[PDB]
>>> print(open('data.pdb').read())   # PDB, C-alpha atoms
MODEL        1
ATOM      1  CA  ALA A   2     -13.349  74.290  18.418  1.00  0.00           C
ATOM      2  CA  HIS A   3     -16.638  73.568  20.156  1.00  0.00           C
ATOM      3  CA  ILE A   4     -16.531  70.251  22.014  1.00  0.00           C
ATOM      4  CA  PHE A   5     -19.714  68.693  23.369  1.00  0.00           C
ATOM      5  CA  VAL A   6     -20.242  65.822  25.795  1.00  0.00           C
ATOM      6  CA  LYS A   7     -22.888  63.417  24.543  1.00  0.00           C
ATOM      7  CA  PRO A   8     -24.038  59.928  25.539  1.00  0.00           C
ATOM      8  CA  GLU A   9     -23.614  56.831  23.401  1.00  0.00           C
ATOM      9  CA  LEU A  10     -27.084  55.673  22.423  1.00  0.00           C
ATOM     10  CA  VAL A  11     -28.079  52.040  21.935  1.00  0.00           C
ATOM     11  CA  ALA A  12     -31.151  50.889  20.025  1.00  0.00           C
ATOM     12  CA  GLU A  13     -32.741  47.607  18.940  1.00  0.00           C
ATOM     13  CA  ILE A  14     -33.998  48.182  15.388  1.00  0.00           C
ATOM     14  CA  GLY A  15     -34.925  44.508  15.033  1.00  0.00           C
ATOM     15  CA  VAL A  16     -31.774  43.206  13.361  1.00  0.00           C
ATOM     16  CA  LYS A  17     -30.502  39.932  14.786  1.00  0.00           C
ATOM     17  CA  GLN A  18     -28.558  36.826  13.799  1.00  0.00           C
ATOM     18  CA  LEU A  19     -30.403  34.845  11.150  1.00  0.00           C
ATOM     19  CA  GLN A  20     -30.970  31.266  12.250  1.00  0.00           C
ATOM     20  CA  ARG A  21     -32.364  28.035  10.869  1.00  0.00           C
ATOM     21  CA  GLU A  22     -36.044  27.158  11.109  1.00  0.00           C
ATOM     22  CA  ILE A  23     -36.634  23.992  13.125  1.00  0.00           C
ATOM     23  CA  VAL A  24     -38.160  21.311  10.899  1.00  0.00           C
ATOM     24  CA  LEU A  25     -36.382  18.003  11.515  1.00  0.00           C
ATOM     25  CA  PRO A  26     -37.429  17.125  15.111  1.00  0.00           C
ATOM     26  CA  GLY A  27     -41.077  16.869  14.142  1.00  0.00           C
ATOM     27  CA  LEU A  28     -40.420  14.257  11.448  1.00  0.00           C
ATOM     28  CA  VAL A  29     -38.355  11.384  12.882  1.00  0.00           C
ATOM     29  CA  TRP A  30     -39.776   8.634  15.078  1.00  0.00           C
ATOM     30  CA  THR A  31     -39.785   9.981  18.635  1.00  0.00           C
ATOM     31  CA  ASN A  32     -40.182   7.910  21.804  1.00  0.00           C
ATOM     32  CA  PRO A  33     -41.462   4.465  20.857  1.00  0.00           C
ATOM     33  CA  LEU A  34     -39.577   3.216  23.902  1.00  0.00           C
ATOM     34  CA  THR A  35     -39.879   4.963  27.257  1.00  0.00           C
ATOM     35  CA  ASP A  36     -38.943   2.629  30.131  1.00  0.00           C
ATOM     36  CA  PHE A  37     -35.196   3.003  29.688  1.00  0.00           C
ATOM     37  CA  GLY A  38     -34.896   3.078  33.441  1.00  0.00           C
ATOM     38  CA  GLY A  39     -35.503  -0.346  34.849  1.00  0.00           C
ATOM     39  CA  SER A  40     -33.605  -2.071  32.033  1.00  0.00           C
ATOM     40  CA  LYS A  41     -30.005  -3.255  32.110  1.00  0.00           C
ATOM     41  CA  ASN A  42     -27.492  -0.830  30.579  1.00  0.00           C
ATOM     42  CA  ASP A  43     -30.367   1.514  29.671  1.00  0.00           C
ATOM     43  CA  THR A  44     -31.283  -0.729  26.730  1.00  0.00           C
ATOM     44  CA  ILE A  45     -34.777  -1.837  25.709  1.00  0.00           C
ATOM     45  CA  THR A  46     -33.700  -4.378  23.074  1.00  0.00           C
ATOM     46  CA  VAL A  47     -36.422  -4.635  20.433  1.00  0.00           C
ATOM     47  CA  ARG A  48     -37.418  -8.011  19.041  1.00  0.00           C
ATOM     48  CA  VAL A  49     -38.071  -8.575  15.339  1.00  0.00           C
ATOM     49  CA  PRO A  50     -40.291 -11.563  14.480  1.00  0.00           C
ATOM     50  CA  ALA A  51     -38.944 -14.599  12.670  1.00  0.00           C
ATOM     51  CA  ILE A  52     -39.740 -15.532   9.089  1.00  0.00           C
ATOM     52  CA  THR A  53     -39.293 -18.911   7.435  1.00  0.00           C
ATOM     53  CA  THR A  54     -38.939 -20.417   3.981  1.00  0.00           C
ATOM     54  CA  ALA A  55     -40.929 -23.216   2.393  1.00  0.00           C
TER      55      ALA A  55
ATOM     56  CA  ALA B   2     -21.149   2.264  44.357  1.00  0.00           C
ATOM     57  CA  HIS B   3     -24.889   1.622  44.369  1.00  0.00           C
ATOM     58  CA  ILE B   4     -25.930  -1.539  42.536  1.00  0.00           C
ATOM     59  CA  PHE B   5     -29.464  -2.175  41.297  1.00  0.00           C
ATOM     60  CA  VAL B   6     -31.047  -5.347  39.928  1.00  0.00           C
ATOM     61  CA  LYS B   7     -32.991  -4.644  36.742  1.00  0.00           C
ATOM     62  CA  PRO B   8     -34.450  -6.893  34.033  1.00  0.00           C
ATOM     63  CA  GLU B   9     -33.641  -6.839  30.332  1.00  0.00           C
ATOM     64  CA  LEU B  10     -36.820  -5.463  28.802  1.00  0.00           C
ATOM     65  CA  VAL B  11     -37.819  -6.770  25.387  1.00  0.00           C
ATOM     66  CA  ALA B  12     -40.512  -4.822  23.558  1.00  0.00           C
ATOM     67  CA  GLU B  13     -41.955  -4.866  20.050  1.00  0.00           C
ATOM     68  CA  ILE B  14     -42.466  -1.479  18.391  1.00  0.00           C
ATOM     69  CA  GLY B  15     -43.808  -2.543  14.997  1.00  0.00           C
ATOM     70  CA  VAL B  16     -40.434  -3.009  13.316  1.00  0.00           C
ATOM     71  CA  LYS B  17     -40.640  -6.205  11.280  1.00  0.00           C
ATOM     72  CA  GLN B  18     -38.682  -7.881   8.514  1.00  0.00           C
ATOM     73  CA  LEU B  19     -39.676  -6.499   5.130  1.00  0.00           C
ATOM     74  CA  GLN B  20     -41.523  -9.015   2.955  1.00  0.00           C
ATOM     75  CA  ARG B  21     -42.754  -9.103  -0.626  1.00  0.00           C
ATOM     76  CA  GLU B  22     -46.360  -8.355  -1.561  1.00  0.00           C
ATOM     77  CA  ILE B  23     -48.397 -11.284  -2.884  1.00  0.00           C
ATOM     78  CA  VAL B  24     -49.609 -10.234  -6.336  1.00  0.00           C
ATOM     79  CA  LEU B  25     -49.059 -12.993  -8.908  1.00  0.00           C
ATOM     80  CA  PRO B  26     -51.444 -15.636  -7.483  1.00  0.00           C
ATOM     81  CA  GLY B  27     -54.990 -14.790  -8.460  1.00  0.00           C
ATOM     82  CA  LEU B  28     -53.827 -13.457 -11.828  1.00  0.00           C
ATOM     83  CA  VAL B  29     -53.224 -17.006 -13.102  1.00  0.00           C
ATOM     84  CA  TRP B  30     -55.972 -19.453 -14.055  1.00  0.00           C
ATOM     85  CA  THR B  31     -56.218 -21.885 -11.131  1.00  0.00           C
ATOM     86  CA  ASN B  32     -58.151 -25.160 -11.311  1.00  0.00           C
ATOM     87  CA  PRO B  33     -58.729 -27.240  -8.172  1.00  0.00           C
ATOM     88  CA  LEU B  34     -59.033 -30.961  -8.810  1.00  0.00           C
ATOM     89  CA  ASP B  43     -53.983 -36.928 -10.301  1.00  0.00           C
ATOM     90  CA  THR B  44     -54.380 -35.048 -13.575  1.00  0.00           C
ATOM     91  CA  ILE B  45     -57.007 -33.294 -15.656  1.00  0.00           C
ATOM     92  CA  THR B  46     -57.496 -32.989 -19.410  1.00  0.00           C
ATOM     93  CA  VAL B  47     -58.648 -30.037 -21.507  1.00  0.00           C
ATOM     94  CA  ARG B  48     -60.394 -30.616 -24.841  1.00  0.00           C
ATOM     95  CA  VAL B  49     -59.896 -28.025 -27.591  1.00  0.00           C
ATOM     96  CA  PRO B  50     -62.871 -27.907 -29.995  1.00  0.00           C
ATOM     97  CA  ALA B  51     -62.141 -28.798 -33.599  1.00  0.00           C
ATOM     98  CA  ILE B  52     -62.116 -26.412 -36.558  1.00  0.00           C
ATOM     99  CA  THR B  53     -62.372 -27.168 -40.263  1.00  0.00           C
ATOM    100  CA  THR B  54     -62.238 -25.665 -43.751  1.00  0.00           C
ATOM    101  CA  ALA B  55     -64.691 -25.279 -46.625  1.00  0.00           C
TER     102      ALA B  55
ENDMDL
END
>>> encode(input="data.pdb", output="structure tokens")
Amino acid sequence: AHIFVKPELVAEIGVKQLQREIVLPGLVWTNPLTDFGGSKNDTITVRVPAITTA
Amino acid sequence: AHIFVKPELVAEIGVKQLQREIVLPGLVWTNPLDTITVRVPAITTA
């Protein structure tokens, strides 16, 4: 029978892998403490004030 | 290897111990002054 030699075409019709929408990083508390360098063991230990009872 | 001398930073970021909200005082009849007496007016019949 008739046999033809043809290329193998490749196209990008816009399909892809569906992925999550980024929401979480904009919500949590980011960077209250910055000077991690210049502190022992990379720790910026936060103080919490004292309360008392009468 | 390399050794650096760094201080222990202590910073306050607004985190504080959670405390109650003062609501009850001001809703109760307070009388600044040893003791005080309150006189209730008399009522009668007819």
>>> resolve_selection(input="data.pdb", expression="the ChimeraX specification (/B :<7) & /A", output="MDAnalysis selection string")
chainID A and resid 33 39:41 45:50
>>> atom_distance(input="data.pdb", atom1="atom CA of residue 22 of chain B", atom2="atom CA of residue 34 of chain A")
28.8 Å
>>> atom_distance(input="data.pdb", atom1="atom CA of residue 30 of chain B", atom2="atom CA of residue 50 of chain B")
19.3 Å
>>> atom_distance(input="data.pdb", atom1="atom CA of residue 2 of chain B", atom2="atom CA of residue 42 of chain A")
15.5 Å
